[PDB]
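Those protein sequence lines, which keep their order, are chains R, R', R'', A, A' and A''. A prime marks a further copy of an entry chain.
Using the authors' numbering, the first residue of the first sequence is number 405, and each one after it goes up by one.
Using the authors' numbering, the first residue of the second sequence is number 405, and each one after it goes up by one.
Using the authors' numbering, the first residue of the third sequence is number 405, and each one after it goes up by one.
Using the authors' numbering, the first residue of the fourth sequence is number 219, and each one after it goes up by one.
Using the authors' numbering, the first residue of the fifth sequence is number 429, and each one after it goes up by one.
Using the authors' numbering, the first residue of the sixth sequence is number 429, and each one after it goes up by one.
Beta carbons are placed, not taken as given, at the ideal position from N, Cα and C, and that holds for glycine.
To start, the structure itself, in structure tokens.
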Amino acid sequence: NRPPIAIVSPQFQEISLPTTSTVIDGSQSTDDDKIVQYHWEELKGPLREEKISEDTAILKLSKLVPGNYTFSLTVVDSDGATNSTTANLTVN
Amino acid sequence: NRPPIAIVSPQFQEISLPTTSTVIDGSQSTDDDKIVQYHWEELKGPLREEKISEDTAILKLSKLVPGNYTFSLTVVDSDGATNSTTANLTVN
Amino acid sequence: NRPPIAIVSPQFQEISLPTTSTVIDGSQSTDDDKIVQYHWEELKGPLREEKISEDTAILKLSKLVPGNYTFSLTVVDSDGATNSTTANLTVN
Amino acid sequence: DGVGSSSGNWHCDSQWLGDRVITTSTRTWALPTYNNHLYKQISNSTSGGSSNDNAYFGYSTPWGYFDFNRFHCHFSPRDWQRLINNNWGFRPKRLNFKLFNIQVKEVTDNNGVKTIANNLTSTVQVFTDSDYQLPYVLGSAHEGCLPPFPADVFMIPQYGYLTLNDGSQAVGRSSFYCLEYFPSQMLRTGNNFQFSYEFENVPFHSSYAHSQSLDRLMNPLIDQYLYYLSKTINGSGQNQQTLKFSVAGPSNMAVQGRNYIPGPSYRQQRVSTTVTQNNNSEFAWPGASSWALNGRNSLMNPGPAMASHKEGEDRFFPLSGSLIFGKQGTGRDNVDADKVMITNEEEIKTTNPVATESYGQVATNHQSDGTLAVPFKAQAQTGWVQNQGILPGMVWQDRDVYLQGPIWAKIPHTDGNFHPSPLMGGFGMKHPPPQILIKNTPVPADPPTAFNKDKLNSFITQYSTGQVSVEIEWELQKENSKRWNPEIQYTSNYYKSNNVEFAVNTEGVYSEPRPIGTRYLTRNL
Amino acid sequence: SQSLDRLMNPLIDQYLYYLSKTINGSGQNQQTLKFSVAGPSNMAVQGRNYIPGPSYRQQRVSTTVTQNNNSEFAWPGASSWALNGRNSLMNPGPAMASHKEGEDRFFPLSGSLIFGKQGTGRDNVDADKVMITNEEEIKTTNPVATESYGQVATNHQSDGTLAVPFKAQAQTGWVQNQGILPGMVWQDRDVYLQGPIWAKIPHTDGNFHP
Amino acid sequence: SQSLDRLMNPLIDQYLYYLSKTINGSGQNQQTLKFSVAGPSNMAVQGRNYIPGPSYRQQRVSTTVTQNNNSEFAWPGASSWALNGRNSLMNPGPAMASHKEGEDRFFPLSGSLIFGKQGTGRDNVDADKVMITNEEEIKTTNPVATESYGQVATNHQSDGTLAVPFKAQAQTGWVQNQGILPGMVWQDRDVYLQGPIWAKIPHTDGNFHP
């Protein structure tokens, strides 16, 4: 009964706007059984009129303001074991 | 020579935003002959930078501000007889 | 070794907004050989949060503010000879 | 021939010769006199009006037509079990339609007293549209077909076609087919009718679910000598473009090169049976796939054969992409969800995209990071494909046929078509079995002593009765799979319950609890 | 003489229930799932075996010159296929009906053969000196050239989701161009007295309905 | 040796007039409708019997590593078909030409067989140790893999409407993926010396051009 292995890639990224739109793949989630869901939550971000809550494997970002970002991918398997790995995104 | 029967559905709706987009079907327009056109006009609305004027059977709404709305569907048949029924839309 | 002939059409246009979106064709670029690229640069425009830089044959315009516009189409052939013809756009 | 001699014996057996299944069937029919022997035209102008979409213009012919294009007319549920459990396909091969034992009865109404005495002289007309020069109306699962339970005596449905209609008004091309203008055959209580029909070469139906997902068709032990692009940036930083390939093996089967791609898709709206999850708005009509030729919409029901839901999402089903048969005793309209039984299609999720999913994605711009003199820094953006047309090498599986499902449907006589398999399921035939329109002749009551040139509108009320027998020999394709894991079969649950499934209730009403598919056996791709 | 979407029987229901209602009534938290039979009263949602042929939407231009927009959309804004990096008008394209019943004045920009009457100029002739071949004759089994062949849903109408709430309503997107699907029927283009007879099928490794 | 969009005769007009102008000149309320003959001077708008084969747009990656964007778009941003809820690259997909004439360096992300030269590593090899099969050989009768197969109009160019005025200009949308239509020709993929011979057609109830 191995717990899932959550591998978010790329881990570190440097992006300078008029191309704020950035995607970090989260589909590289190793487990014996099916990954029932993916959960994305941004722990830290500069104040923005919106807050990042999604369930997609490939997270889509748009309208990124300058600052430092730290996103957290939480995966759950069939049994229920959860492994959370954090991703750091930086915009110039 | 029966005049057209304009039946707008749904008549009453309660919608709370981040889903302002609401559609009220107007295609349920009973008549002997073809309904030549549909006319939609909003009698009352909170002040907005835009005013609802359309000819589509299925009215598409977007960017609805809080308040009370009263839309009016006007149908015309081949002969020219017009029947107008009003729809009330409320957003929390 | 004839230099390219850059023919932008239409030359003059009068457009009044809520239809700012206007396209001026630049694909009518006569030359013996292939036109390697098209270059569009707007010499004069009323102050706007954006500046028109593109390489497409059919220039797409959107969000045009009132004023006078003068766009310049520059074409280059295989050899390198460049012929630049200007287009004047006016919005009411 | 003669009043006191039956004109044909009741055959209802179902022989199983082996590679041939002759399925005779017989039910008793009662046919009234529709429309008082007239040809009244129908339009929404007469039916009280309708929307722009629902306008129609057609004629209400007084003929009744025998319809038997539903699988449970012929196959007793035990035969259907013997045909889905162990068989890899079937197709009709012949037909035989004996209409025998007519008896015409005269109804007299005096002081509200119904006295029914038979006419040993009145005649009932029968003829088969054997050249399809009439508007074919068999092939929409119109509820008039032969009784699921043999004893059940049924009323013959009325025949009325539709033609062109600009609104509710006809146009010049609007055709008016007068049925009596066809050479009938008159039966007068001692005669019988019979035509034999030969089914054309219609392809074997797919009575099997695929045991190999189309995207897992490879070998899980060997690499594939076709390198795929894996990385594009060496590492997080500024100006670090690169282009690194790698072999596509078993460790990463997503990027594996593949010969064939799943079939077409026409995305349907998603509605969940657990009523809580559906959005709190009326999206029945607004928000469902429709094709809308000639400016009038029409639901894409049921559309292209598409899998109902992704593995594990049982509760969901597409809005307008599945046959939804009503259980016996259900209301005509506005019935609850539990009184109608929904046909889910998880059986072809292998080689068909999910009905509610968006068939992959296609890139929409060029990932030219740094361009020469026109810099945009445009990242590779991808857009979804809600609807995808048939491409080079694409495979798919046609829709299933259920016990309560249609058999055939005339392929419209058009200059071209693609894969004519009727979307409701069944067989597509350019020359389907003909209609059999039956009408009992008018017999005017008592015309005046003085001449009168009118149409003689006073007829005496009467109807008919008899039996109808449809022997339709199928051809089977036996299965010879070398599978070792026991096959999956269709069974009736062994558990005590108030009524036996597919058996009559205490009152006598024959109840079919669930729709029965025909894809149970497994055949590898 | 039988519209492909009116191929049924207008007198008998169809024993295939369709989803009709989804909310019981206007209010908060009133989801439901009510089916109903698809009969003659509502022929739109009727189950159908076959669907109309392909579509490659053309621009709409109206013969009454007043209605056309006041800009030069001859070249920019017409269907083109453009292999090898050079554009080329989709003239006349896939057999498609020119206009919906009653809209005679319209015609697709580049989707109809337009023969010149005797004595007409080589170029820049007025509209009355060239005679346009309208195709209203196959509006039955072909989608209208200027119309957008139905619509396909683009997201999931999952009102209340588990741990990722979006309240996303069922949104629909149009299908401007649709490829050939399973069981789709259509009718090829007409030949006119002043029209071609034959044309060599290019010697290629494959083609569809040449 | 004959591009599918240059199949005509370059010396004779084509007696099928095409819509050329729509406005007489720059101004207010100057709609018109002027046709002209489609000859050799303008081969783009020439009427054509057949149209290029299917398309399923692939991402574009350039062998000159400098031009590719500075982000990991290997998996996120490549065509995939994804039956049963699990994605899978559209590798190599429908036979499509790798690049437009003159753009040799480019190649679609997941649309070409890429064989490894002898002595190459199993994974994470550089670009020079794997040899890429370019398909410029069928750019004639197939749309370019990285290009967007023309464009289809999405609304009606009804400039002045009766009682519902919008002044909507004819807008065009691209066709990223196009299904097989009536009369469409294409050419199947090439076989290389280091390439497969046969492959079992999956035993399914139907397929197209296996």
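C-alpha distance - residue i paired with residue j, whole-angstrom precision
{"i": "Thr-474(R)", "j": "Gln-599(A)", "result": "23 Å"}
{"i": "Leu-621(A'')", "j": "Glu-563(A'')", "result": "15 Å"}
{"i": "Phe-535(A')", "j": "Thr-491(A')", "result": "8 Å"}
{"i": "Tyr-728(A)", "j": "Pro-368(A)", "result": "10 Å"}
{"i": "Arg-550(A)", "j": "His-360(A)", "result": "13 Å"}
{"i": "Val-613(A)", "j": "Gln-707(A)", "result": "26 Å"}
{"i": "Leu-694(A)", "j": "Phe-645(A)", "result": "15 Å"}
{"i": "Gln-430(A)", "j": "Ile-479(A)", "result": "14 Å"}
{"i": "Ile-462(R'')", "j": "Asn-515(A'')", "result": "36 Å"}
{"i": "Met-436(A)", "j": "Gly-430(R)", "result": "25 Å"}
{"i": "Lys-464(R')", "j": "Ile-419(R')", "result": "14 Å"}
{"i": "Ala-466(A)", "j": "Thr-478(R)", "result": "28 Å"}
{"i": "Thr-659(A)", "j": "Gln-387(A)", "result": "31 Å"}
Cβ-Cβ separation, residue j to residue i (assumed contact under 8 Å), whole Å
{"i": "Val-480(R'')", "j": "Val-440(R'')", "result": "5 Å"}
{"i": "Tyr-446(A')", "j": "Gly-544(A)", "result": "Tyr-446(A') to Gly-544(A), Cβ: 11 Å. No contact."}
{"i": "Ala-596(A'')", "j": "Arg-485(A')", "result": "That belief does not hold up - the Cβ atoms of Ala-596(A'') and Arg-485(A') are roughly 15 Å apart, past 8 Å."}
{"i": "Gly-607(A'')", "j": "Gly-607(A')", "result": "1 Å"}
Residue i classed as buried or exposed, judged by whether at least 16 other C-beta atoms fall within 10 angstroms
{"i": "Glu-575(A')", "result": "buried"}
{"i": "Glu-500(A'')", "result": "buried"}
{"i": "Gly-453(A)", "result": "exposed"}
{"i": "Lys-567(A'')", "result": "buried"}
{"i": "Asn-698(A)", "result": "exposed"}
{"i": "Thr-569(A'')", "result": "buried"}
{"i": "residue 369(R)", "result": "Outside the displayed range of chain R (405 to 496) lies residue 369(R), so it cannot be described from this structure."}
{"i": "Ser-464(A)", "result": "buried"}
{"i": "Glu-689(A)", "result": "buried"}
{"i": "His-423(A)", "result": "buried"}
Reduced DSSP category for residue i - H, G, I as helix; E, B as strand; rest coil
{"i": "residue 551(R'')", "result": "Outside the displayed range of chain R'' (405 to 496) lies residue 551(R''), so it cannot be described from this structure."}
{"i": "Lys-258(A)", "result": "coil"}
{"i": "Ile-734(A)", "result": "coil"}
{"i": "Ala-410(R')", "result": "strand"}
{"i": "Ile-302(A)", "result": "helix"}
{"i": "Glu-418(R'')", "result": "strand"}
{"i": "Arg-488(A')", "result": "strand"}
{"i": "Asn-452(A)", "result": "coil"}
{"i": "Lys-448(R)", "result": "strand"}
{"i": "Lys-671(A)", "result": "coil"}
{"i": "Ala-555(A')", "result": "helix"}
{"i": "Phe-636(A)", "result": "coil"}
{"i": "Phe-293(A)", "result": "coil"}
{"i": "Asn-253(A)", "result": "helix"}
{"i": "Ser-263(A)", "result": "coil"}
{"i": "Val-465(A'')", "result": "coil"}
{"i": "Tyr-577(A')", "result": "coil"}
{"i": "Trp-614(A)", "result": "strand"}
{"i": "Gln-606(A'')", "result": "strand"}
{"i": "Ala-591(A)", "result": "coil"}
{"i": "residue 766(A)", "result": "The displayed coordinates of chain A run from 219 to 743. Any statement about residue 766(A) would go beyond what the structure contains."}
{"i": "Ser-682(A)", "result": "strand"}
Original post:
In chain order, which beta strand (DSSP E) runs of at least 3 residues are fully inside the stretch 475-536 of chain A'?
Top reply: 488-490 and 534-536
**OP:** Pick out the complete beta strand (DSSP E) segments inside the stretch 358-411 of chain A, 3 residues or longer, and give them in chain order.
**Re:** 379-381 and 403-405
Original post:
Enumerated in chain order, which unbroken segments of the beta strand (DSSP E) with a length of 3 residues or greater are wholly contained in the stretch 322-355 of chain A?
Top reply: 323-328, 331-336 and 342-346
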